[PDB]
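A.B. asks: I'd like to ask some things about the structure below.
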Amino acid sequence: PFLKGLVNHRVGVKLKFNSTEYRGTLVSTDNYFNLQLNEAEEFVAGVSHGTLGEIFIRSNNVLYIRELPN
Amino acid sequence: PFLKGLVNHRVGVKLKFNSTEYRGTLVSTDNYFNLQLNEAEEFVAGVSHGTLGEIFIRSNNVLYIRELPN
Amino acid sequence: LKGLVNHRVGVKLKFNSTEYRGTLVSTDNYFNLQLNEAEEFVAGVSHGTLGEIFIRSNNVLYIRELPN
Amino acid sequence: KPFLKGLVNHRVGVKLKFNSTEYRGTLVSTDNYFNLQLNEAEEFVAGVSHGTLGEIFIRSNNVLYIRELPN
Amino acid sequence: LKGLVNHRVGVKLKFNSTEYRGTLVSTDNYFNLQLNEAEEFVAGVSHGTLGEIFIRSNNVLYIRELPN
Amino acid sequence: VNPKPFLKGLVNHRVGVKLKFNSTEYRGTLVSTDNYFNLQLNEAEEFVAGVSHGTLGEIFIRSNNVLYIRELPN
Amino acid sequence: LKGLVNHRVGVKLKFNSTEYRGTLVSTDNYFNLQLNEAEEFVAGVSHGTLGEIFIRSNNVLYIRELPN
């Protein structure tokens with residue numbers, strides 16, 4: 001259970017392009033890396049550009065995912 | 001599935017190359033992320049650029065999908 | 001997607017404000033599609049009539065139903 | 001199950017994503033993959049002939065679309 | 001590849017001379033890997049420490065083992 | 001019993017493998033292949049603008065980068 | 001591809017005109033390869049020695065055996 005380990009945890013989704021990162025609670029996923037983020041907050045350069053709701057992010061745009069410091 | 005949850009909801013599909021977002025009622029979908037929108041309205045930088053009928057969007061172009069709130 | 005066959009549609013190419021309009025003869029899950037009486041549209045101006053075309057998904061952004 | 005099959009032995013135009021290049025020829029064979037064989041191939045750039053290539057085998061990816069060339 | 005599990009490796013992305021270093025926790029044929037105590041390196045300068053990161057193959061150029 | 005190599009005929013023939021980017025062509029003998037368009041070229045000569053840029057031995061090419069393959073001469 | 005295992009090969013990337021030279025330890029049917037004693041060559045010049053590297057298929061242009 002590689003990716004499932006992060007469910008119900010607060011993570012940072014970083015994209016390949018720009019320095020953009022979505023931070024939120026990782027609702028659901030799938031091997032495909034397609035993921036579901038709740039209470040997602042958009043971060044640019046480490047600055048908040050708002051809160052998006054529940055977003056479904058597609059794998060292809062993802063560089064990597066991290067667990068947000070408790 | 002993953003996106004079956006949003007069916008019949010008003011959602012925003014955000015593309016990966018421009019500040020464009022298509023808004024509408026997600027009629028149907030599939031794992032491949034390929035979605036059909038109803039009452040689609042194109043949004044550029046947050047500005048309506050008019051209305052397309054029923055559109056079918058190809059996953060590949062999709063950055064993420066959120067649920068529209070009002 | 002089959003809900004549009006023999007309907008007048010527009011196939012929007014991702015890369016440049018180019019959209020092919022015609023009737024959607026046939027398709028398949030793959031988003032590869034066959035268009036009839038294709039008309040290529042640049043920034044919404046016609047650039048002539050292509051015959052029947054068989055287009056490749058990958059180049060497609062979206063497909064919409066052309067009116068009335 | 002074959003897709004385009006209906007153009008085999010037809011005079012068609014294979015247009016590429018980048019460069020207004022068009023490879024015109026007859027189609028030997030094609031498979032669901034859109035990878036296709038072309039006979040008596042003539043490269044076209046902007047509507048101009050830039051020569052003739054033998055028989056070519058094209059890779060789907062670089063293909064925007066295919067059309068039937070007017071009899 | 002599983003030869004590197006519990007190994008200090010370095011992940012080099014395709015774009016931009018950015019390498020992620022840390023211990024290779026787990027992986028799979030898909031090249032999608034987990035990295036523990038990752039440290040972002042840019043042009044071979046530490047840009048910080050990411051906690052545990054899960055990387056997507058497609059961004060990866062190559063992986064190497066960090067020297068003893 | 002259902003699928004086979006659609007490029008079978010060119011094996012051991014003098015071909016030209018053209019890439020998507022540049023105007024680089026790799027000419028050689030088509031050693032082997034596979035539906036995947038992944039091919040083994042023997043006596044591979046790098047061509048740029050129809051100009052030789054030396055010779056590469058046996059090369060193993062990847063389909064992705066390949067625009068099209070053609071048959072070189074009699 | 002297996003015909004190169006334990007051979008000295010040079011791997012060519014699509015983007016920089018820079019090649020990875022080394023012993024081809026392993027490879028699977030995905031074009032991903034493990035290279036031992038990798039040396040990185042830029043426009044024909046050596047820019048250093050990487051240890052063991054596992055290279056991802058997508059980045060590769062082509063593979064050749066070496067006149068050593």
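Residues are referred to by chain and number: the chain letter is A, B, ... according to the order shown in the structure tokens, the number counts from 1 in that chain, and ligands are numbered separately from 1 in the order shown.
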Skip residue 53 (chain D) itself and residues of its chain fewer than 3 positions away, then list as a list in words all residues within 10 Å of it, counting only C-alpha atoms.

C.D. replies: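 That gives residues 23, 24, 25, 38, 39, 40, 41, 42, 43, 50 and 56 of chain D; 70, 71 and 72 of chain F.
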
A.B. asks: Residue 54 (chain G): which residues within 8 Å, counting only C-alpha atoms, same-chain residues fewer than 2 positions away excluded, as a PyMOL selection string?

C.D. replies: (chain E and resi 1+62-64) or (chain G and resi 32-35+52+56)

A.B. asks: Generate a file of the selected residues that holds N, CA, C and O atoms, formatted as a compact mmCIF listing (two decimals), in the first residue's frame.

C.D. replies:
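For reference, out34.txt as written:
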# COMPACT_ATOMS: atom_id res chain seq x y z
N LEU E 1 15.97 -2.93 -9.31
CA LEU E 1 15.84 -1.54 -8.73
C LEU E 1 15.66 -1.62 -7.22
O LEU E 1 16.17 -0.83 -6.43
N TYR E 62 16.85 9.75 -14.08
CA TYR E 62 17.59 8.56 -13.70
C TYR E 62 17.77 8.58 -12.22
O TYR E 62 17.66 9.64 -11.63
N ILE E 63 18.07 7.41 -11.65
CA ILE E 63 18.37 7.28 -10.22
C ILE E 63 19.74 6.71 -10.01
O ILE E 63 20.13 5.82 -10.72
N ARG E 64 20.43 7.19 -9.00
CA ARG E 64 21.77 6.70 -8.70
C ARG E 64 21.90 6.50 -7.21
O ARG E 64 21.15 7.08 -6.45
N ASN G 32 13.97 0.56 -19.62
CA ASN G 32 14.61 1.18 -18.49
C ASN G 32 15.86 0.45 -18.32
O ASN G 32 15.85 -0.75 -18.46
N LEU G 33 16.95 1.11 -17.99
CA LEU G 33 18.14 0.34 -17.82
C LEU G 33 19.02 0.76 -16.68
O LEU G 33 19.08 1.92 -16.28
N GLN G 34 19.68 -0.26 -16.15
CA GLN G 34 20.66 -0.11 -15.10
C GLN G 34 21.98 -0.15 -15.80
O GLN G 34 22.21 -0.95 -16.68
N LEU G 35 22.81 0.79 -15.39
CA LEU G 35 24.10 1.04 -15.97
C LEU G 35 25.12 1.00 -14.89
O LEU G 35 24.96 1.64 -13.87
N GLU G 52 26.38 3.80 -9.93
CA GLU G 52 25.37 2.93 -10.58
C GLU G 52 24.14 3.75 -10.95
O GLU G 52 23.64 4.44 -10.08
N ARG G 56 15.55 6.13 -17.02
CA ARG G 56 14.19 5.89 -17.47
C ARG G 56 13.99 6.04 -18.95
O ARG G 56 14.30 7.06 -19.53

A.B. asks: With a distance cut-off of 8 Å and only C-alpha atoms, select the neighbouring residues of residue 44 (chain B), excluding the residue or stretch itself and same-chain residues fewer than 3 positions from it, and output the selection as a compact mmCIF listing (two decimals) with N, CA and C atoms, in the first residue's frame.

C.D. replies:
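Below is the file result39.txt, written as the result:
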# COMPACT_ATOMS: atom_id res chain seq x y z
N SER B 19 -4.89 29.95 -18.36
CA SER B 19 -5.73 30.23 -17.20
C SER B 19 -7.16 30.07 -17.65
N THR B 20 -7.48 28.87 -18.11
CA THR B 20 -8.79 28.60 -18.60
C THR B 20 -9.41 27.55 -17.76
N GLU B 21 -10.71 27.74 -17.56
CA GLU B 21 -11.53 26.84 -16.76
C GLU B 21 -12.90 26.81 -17.39
N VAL B 47 -13.00 35.18 -16.33
CA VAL B 47 -13.94 35.96 -17.06
C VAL B 47 -14.69 35.22 -18.12
N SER B 48 -16.00 35.22 -18.04
CA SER B 48 -16.71 34.41 -18.96
C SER B 48 -16.38 34.80 -20.36
N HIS B 49 -15.96 33.81 -21.13
CA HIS B 49 -15.77 34.05 -22.54
C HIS B 49 -16.85 33.34 -23.32

A.B. asks: Skipping near chain neighbours, those fewer than 6 positions away, what residues fall within 12 Å of residue 26 (chain D) using only C-alpha atoms, listed as number ranges by chain?

C.D. replies: D: 7-14, 36-42, 54-57, 66-69

A.B. asks: Output chain C as an mmCIF file with C-alpha atoms, in the first residue's frame, after least-squares fitting it to chain E on all in-order C-alpha pairs.

C.D. replies:
data_model
loop_
_atom_site.group_PDB
_atom_site.id
_atom_site.type_symbol
_atom_site.label_atom_id
_atom_site.label_comp_id
_atom_site.auth_asym_id
_atom_site.auth_seq_id
_atom_site.Cartn_x
_atom_site.Cartn_y
_atom_site.Cartn_z
ATOM 1 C CA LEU C 1 15.253 -1.462 -8.943
ATOM 2 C CA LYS C 2 14.530 -3.028 -5.563
ATOM 3 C CA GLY C 3 18.321 -3.432 -5.278
ATOM 4 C CA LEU C 4 18.411 0.113 -3.783
ATOM 5 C CA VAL C 5 15.697 0.080 -1.180
ATOM 6 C CA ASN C 6 16.944 1.406 2.173
ATOM 7 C CA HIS C 7 19.918 2.883 0.340
ATOM 8 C CA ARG C 8 20.839 6.550 0.143
ATOM 9 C CA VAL C 9 19.887 7.706 -3.400
ATOM 10 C CA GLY C 10 19.580 10.734 -5.636
ATOM 11 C CA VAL C 11 16.653 11.178 -7.949
ATOM 12 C CA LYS C 12 17.552 13.384 -10.819
ATOM 13 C CA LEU C 13 14.742 15.310 -12.349
ATOM 14 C CA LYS C 14 14.859 15.501 -16.036
ATOM 15 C CA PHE C 15 13.663 18.957 -16.358
ATOM 16 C CA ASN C 16 15.982 21.131 -14.228
ATOM 17 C CA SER C 17 19.337 20.454 -12.533
ATOM 18 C CA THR C 18 17.251 19.418 -9.490
ATOM 19 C CA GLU C 19 17.954 16.193 -7.720
ATOM 20 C CA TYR C 20 16.240 14.841 -4.638
ATOM 21 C CA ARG C 21 18.431 12.977 -2.222
ATOM 22 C CA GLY C 22 17.285 10.533 0.402
ATOM 23 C CA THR C 23 16.866 6.904 1.302
ATOM 24 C CA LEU C 24 14.651 4.905 -1.003
ATOM 25 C CA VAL C 25 11.941 3.544 1.119
ATOM 26 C CA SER C 26 9.907 1.842 -1.610
ATOM 27 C CA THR C 27 8.991 1.492 -5.218
ATOM 28 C CA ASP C 28 7.516 -0.455 -7.963
ATOM 29 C CA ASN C 29 8.196 -1.272 -11.605
ATOM 30 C CA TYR C 30 6.419 1.990 -12.516
ATOM 31 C CA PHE C 31 9.391 4.031 -11.259
ATOM 32 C CA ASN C 32 7.096 5.763 -8.804
ATOM 33 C CA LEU C 33 9.160 5.982 -5.672
ATOM 34 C CA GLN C 34 9.014 6.831 -2.056
ATOM 35 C CA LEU C 35 11.909 8.738 -0.597
ATOM 36 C CA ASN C 36 12.810 9.281 3.044
ATOM 37 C CA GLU C 37 14.416 12.333 4.543
ATOM 38 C CA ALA C 38 14.355 14.011 1.224
ATOM 39 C CA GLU C 39 16.778 16.843 0.519
ATOM 40 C CA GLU C 40 16.286 18.919 -2.632
ATOM 41 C CA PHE C 41 19.440 19.818 -4.447
ATOM 42 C CA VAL C 42 19.798 22.574 -6.939
ATOM 43 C CA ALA C 43 22.839 22.530 -8.979
ATOM 44 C CA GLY C 44 24.214 20.599 -6.079
ATOM 45 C CA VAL C 45 23.397 23.070 -3.386
ATOM 46 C CA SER C 46 20.798 22.274 -0.823
ATOM 47 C CA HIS C 47 17.586 23.995 -0.851
ATOM 48 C CA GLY C 48 16.151 22.558 2.338
ATOM 49 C CA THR C 49 14.602 19.359 3.622
ATOM 50 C CA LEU C 50 11.356 17.963 2.452
ATOM 51 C CA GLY C 51 9.904 15.170 4.541
ATOM 52 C CA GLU C 52 8.929 11.827 3.035
ATOM 53 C CA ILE C 53 8.111 12.202 -0.617
ATOM 54 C CA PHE C 54 6.326 10.055 -3.131
ATOM 55 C CA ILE C 55 7.654 10.972 -6.574
ATOM 56 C CA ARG C 56 6.250 10.316 -10.015
ATOM 57 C CA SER C 57 8.414 8.481 -12.530
ATOM 58 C CA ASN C 58 7.573 10.578 -15.466
ATOM 59 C CA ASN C 59 9.592 13.402 -13.937
ATOM 60 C CA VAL C 60 12.585 11.197 -13.338
ATOM 61 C CA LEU C 61 15.640 11.015 -15.502
ATOM 62 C CA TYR C 62 17.743 8.781 -13.407
ATOM 63 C CA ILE C 63 18.457 7.402 -10.016
ATOM 64 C CA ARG C 64 21.826 6.911 -8.570
ATOM 65 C CA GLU C 65 23.254 5.395 -5.469
ATOM 66 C CA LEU C 66 24.656 7.943 -3.115
ATOM 67 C CA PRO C 67 28.000 6.988 -1.824
ATOM 68 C CA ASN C 68 30.272 5.355 0.342
#

A.B. asks: As JSON, numbers by chain, which residues of chain A does DSSP assign to helix (DSSP H, G or I)?

C.D. replies: {"A": [3, 4, 5, 6, 59, 60, 61]}

A.B. asks: Save the residues we just selected, N, CA, C and O atoms, as a compact mmCIF listing (two decimals), in the first residue's frame?

C.D. replies:
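So selection.txt came out as:
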# COMPACT_ATOMS: atom_id res chain seq x y z
N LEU A 3 0.72 4.16 -2.01
CA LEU A 3 0.12 5.48 -1.87
C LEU A 3 -0.98 5.67 -0.79
O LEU A 3 -1.23 6.80 -0.30
N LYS A 4 -1.63 4.57 -0.41
CA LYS A 4 -2.74 4.63 0.53
C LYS A 4 -2.26 5.05 1.91
O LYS A 4 -3.03 5.61 2.70
N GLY A 5 -0.98 4.81 2.17
CA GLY A 5 -0.38 5.20 3.43
C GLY A 5 -0.71 6.63 3.81
O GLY A 5 -0.83 6.93 4.99
N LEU A 6 -0.90 7.50 2.81
CA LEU A 6 -1.17 8.93 3.08
C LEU A 6 -2.62 9.33 3.23
O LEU A 6 -2.89 10.48 3.53
N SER A 59 -2.90 12.78 -12.23
CA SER A 59 -1.47 12.37 -12.07
C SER A 59 -0.40 13.12 -12.88
O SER A 59 0.59 13.62 -12.36
N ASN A 60 -0.60 13.13 -14.18
CA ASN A 60 0.29 13.80 -15.11
C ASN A 60 0.83 15.12 -14.72
O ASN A 60 1.88 15.50 -15.17
N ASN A 61 0.09 15.88 -13.94
CA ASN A 61 0.58 17.18 -13.54
C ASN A 61 1.37 17.14 -12.25
O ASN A 61 1.83 18.16 -11.76

A.B. asks: Quick one: pull the distance between CA of residue 62 (chain A) and CA of residue 31 (chain B), Å, one decimal.

C.D. replies: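 Value for the CA of residue 62 (chain A)-CA of residue 31 (chain B) distance: 17.2 Å.
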
A.B. asks: Would you kindly return, as a list in words, each protein, DNA or RNA residue with an atom no farther than 8 Å from any atom of residue 55 (chain F), considering only C-alpha atoms and excluding same-chain residues fewer than 2 positions away?

C.D. replies: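 Using only C-alpha atoms, the neighbours found are residues 43, 44, 45, 46, 52, 53 and 57 of chain F.
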
A.B. asks: To one decimal in Å, tell me the separation between CA of residue 71 (chain D) and CA of residue 9 (chain F).

C.D. replies: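 We find that CA of residue 71 (chain D) and CA of residue 9 (chain F) lie 29.2 Å from each other.
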
A.B. asks: Starting from chain B, keep only residues with some atom at most 6 Å from an atom of chain A, counting only C-alpha atoms, and report them as a ChimeraX atom specification.

C.D. replies: /B:64-66

A.B. asks: Region 60-67 of chain F: which residues within 7 Å, counting only C-alpha atoms, same-chain residues fewer than 6 positions away excluded, as a PyMOL selection string?

C.D. replies: (chain D and resi 58-59+62) or (chain F and resi 17-20+36-41) or (chain G and resi 61-64)

A.B. asks: Per DSSP on the backbone, filter chain C down to the residues in strand (DSSP E or B) and report them as a ChimeraX atom specification.

C.D. replies: /C:8-13,18-26,33-42,46-49,53-55,60-65

A.B. asks: Include N, CA and C atoms and write out the residues we just selected as a tab-separated table (two decimals), in the first residue's frame.

C.D. replies:
chain	number	residue	atom	x	y	z
C	8	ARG	N	-23.84	17.36	-35.66
C	8	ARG	CA	-22.91	18.39	-36.10
C	8	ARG	C	-22.00	18.81	-34.91
C	9	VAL	N	-20.71	18.55	-35.00
C	9	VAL	CA	-19.80	18.86	-33.88
C	9	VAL	C	-18.59	19.70	-34.25
C	10	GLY	N	-17.90	20.17	-33.22
C	10	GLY	CA	-16.70	20.95	-33.40
C	10	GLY	C	-15.61	20.26	-32.62
C	11	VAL	N	-14.47	20.02	-33.23
C	11	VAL	CA	-13.40	19.38	-32.50
C	11	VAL	C	-12.36	20.42	-32.34
C	12	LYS	N	-12.15	20.80	-31.11
C	12	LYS	CA	-11.19	21.84	-30.76
C	12	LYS	C	-9.80	21.29	-30.56
C	13	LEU	N	-8.88	21.72	-31.38
C	13	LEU	CA	-7.52	21.30	-31.14
C	13	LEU	C	-6.85	22.12	-30.05
C	18	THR	N	-7.75	26.38	-33.43
C	18	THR	CA	-8.19	25.64	-34.61
C	18	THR	C	-9.25	24.69	-34.16
C	19	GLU	N	-10.36	24.66	-34.87
C	19	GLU	CA	-11.43	23.75	-34.50
C	19	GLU	C	-12.02	23.25	-35.75
C	20	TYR	N	-12.14	21.93	-35.85
C	20	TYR	CA	-12.73	21.27	-37.03
C	20	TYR	C	-14.19	21.02	-36.85
C	21	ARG	N	-15.01	21.58	-37.72
C	21	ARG	CA	-16.44	21.32	-37.62
C	21	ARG	C	-17.00	20.38	-38.71
C	22	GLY	N	-17.89	19.52	-38.26
C	22	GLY	CA	-18.50	18.55	-39.12
C	22	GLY	C	-19.40	17.65	-38.32
C	23	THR	N	-19.89	16.62	-38.98
C	23	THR	CA	-20.81	15.66	-38.43
C	23	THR	C	-19.98	14.49	-37.98
C	24	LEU	N	-20.25	13.97	-36.81
C	24	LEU	CA	-19.39	12.93	-36.26
C	24	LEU	C	-19.76	11.57	-36.72
C	25	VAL	N	-19.17	11.11	-37.78
C	25	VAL	CA	-19.57	9.83	-38.28
C	25	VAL	C	-19.34	8.75	-37.23
C	26	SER	N	-18.12	8.58	-36.75
C	26	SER	CA	-17.87	7.47	-35.82
C	26	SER	C	-16.70	7.65	-34.90
C	33	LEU	N	-11.55	10.04	-33.85
C	33	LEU	CA	-12.89	10.19	-34.40
C	33	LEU	C	-12.89	10.54	-35.85
C	34	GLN	N	-13.99	10.17	-36.48
C	34	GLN	CA	-14.18	10.31	-37.89
C	34	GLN	C	-15.14	11.43	-38.09
C	35	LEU	N	-14.78	12.42	-38.88
C	35	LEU	CA	-15.65	13.55	-39.09
C	35	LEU	C	-16.03	13.66	-40.55
C	36	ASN	N	-17.29	14.04	-40.79
C	36	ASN	CA	-17.79	14.21	-42.15
C	36	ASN	C	-18.00	15.67	-42.49
C	37	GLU	N	-17.67	15.97	-43.73
C	37	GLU	CA	-17.81	17.31	-44.28
C	37	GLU	C	-17.15	18.22	-43.31
C	38	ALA	N	-15.86	18.00	-43.15
C	38	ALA	CA	-15.07	18.76	-42.21
C	38	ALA	C	-14.83	20.15	-42.73
C	39	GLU	N	-14.94	21.12	-41.84
C	39	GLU	CA	-14.58	22.52	-42.13
C	39	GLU	C	-13.62	23.01	-41.03
C	40	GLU	N	-12.45	23.43	-41.44
C	40	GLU	CA	-11.44	23.91	-40.50
C	40	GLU	C	-11.61	25.39	-40.22
C	41	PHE	N	-11.58	25.68	-38.94
C	41	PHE	CA	-11.95	26.98	-38.41
C	41	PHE	C	-10.91	27.62	-37.54
C	42	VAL	N	-10.39	28.72	-38.02
C	42	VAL	CA	-9.29	29.38	-37.39
C	42	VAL	C	-9.73	30.65	-36.74
C	46	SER	N	-13.51	30.50	-41.41
C	46	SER	CA	-13.26	29.28	-42.16
C	46	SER	C	-12.11	29.35	-43.05
C	47	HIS	N	-11.34	28.29	-42.97
C	47	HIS	CA	-10.23	28.15	-43.84
C	47	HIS	C	-10.44	27.04	-44.86
C	48	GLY	N	-11.64	26.88	-45.39
C	48	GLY	CA	-11.82	25.81	-46.35
C	48	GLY	C	-12.34	24.50	-45.79
C	49	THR	N	-12.71	23.64	-46.76
C	49	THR	CA	-13.37	22.37	-46.51
C	49	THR	C	-12.45	21.22	-46.79
C	53	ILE	N	-12.55	13.37	-42.34
C	53	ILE	CA	-11.25	13.21	-41.72
C	53	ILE	C	-11.33	12.25	-40.55
C	54	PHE	N	-10.21	11.63	-40.28
C	54	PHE	CA	-10.07	10.70	-39.18
C	54	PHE	C	-9.01	11.32	-38.30
C	55	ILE	N	-9.43	11.90	-37.20
C	55	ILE	CA	-8.58	12.63	-36.26
C	55	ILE	C	-8.09	11.84	-35.08
C	60	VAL	N	-6.76	16.49	-29.51
C	60	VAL	CA	-8.04	17.02	-29.15
C	60	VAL	C	-8.08	17.54	-27.75
C	61	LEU	N	-8.72	18.68	-27.61
C	61	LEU	CA	-8.94	19.31	-26.32
C	61	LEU	C	-10.33	18.96	-25.93
C	62	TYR	N	-11.26	19.35	-26.77
C	62	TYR	CA	-12.64	19.07	-26.50
C	62	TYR	C	-13.53	18.99	-27.69
C	63	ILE	N	-14.69	18.41	-27.50
C	63	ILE	CA	-15.65	18.29	-28.56
C	63	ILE	C	-16.93	18.82	-28.16
C	64	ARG	N	-17.52	19.67	-28.96
C	64	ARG	CA	-18.80	20.23	-28.57
C	64	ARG	C	-19.84	20.05	-29.62
C	65	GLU	N	-21.10	20.10	-29.20
C	65	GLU	CA	-22.19	19.90	-30.12
C	65	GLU	C	-22.45	21.23	-30.72

A.B. asks: If I take CA of residue 30 (chain F) and CA of residue 10 (chain F), how far is one from the other in Å, to one decimal?

C.D. replies: 6.5 Å

A.B. asks: Pick out the residues sitting within 6 Å of residue 8 (chain A), and hand them over as an mmCIF file with N, CA, C and O atoms, in the first residue's frame; count only C-alpha atoms, and ignore anything fewer than 2 positions along from it in its own chain.

C.D. replies:
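Once written, result_7.cif looks like this:
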data_model
loop_
_atom_site.group_PDB
_atom_site.id
_atom_site.type_symbol
_atom_site.label_atom_id
_atom_site.label_comp_id
_atom_site.auth_asym_id
_atom_site.auth_seq_id
_atom_site.Cartn_x
_atom_site.Cartn_y
_atom_site.Cartn_z
ATOM 1 N N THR A 25 -5.850 17.740 2.628
ATOM 2 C CA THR A 25 -6.038 16.441 3.237
ATOM 3 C C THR A 25 -6.380 15.439 2.148
ATOM 4 O O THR A 25 -7.309 15.669 1.370
ATOM 5 N N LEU A 26 -5.615 14.346 2.089
ATOM 6 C CA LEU A 26 -5.695 13.416 0.944
ATOM 7 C C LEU A 26 -6.789 12.410 1.074
ATOM 8 O O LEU A 26 -6.617 11.364 1.636
ATOM 9 N N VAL A 27 -7.896 12.703 0.453
ATOM 10 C CA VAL A 27 -9.044 11.853 0.575
ATOM 11 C C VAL A 27 -8.871 10.495 -0.045
ATOM 12 O O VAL A 27 -8.936 9.468 0.614
#
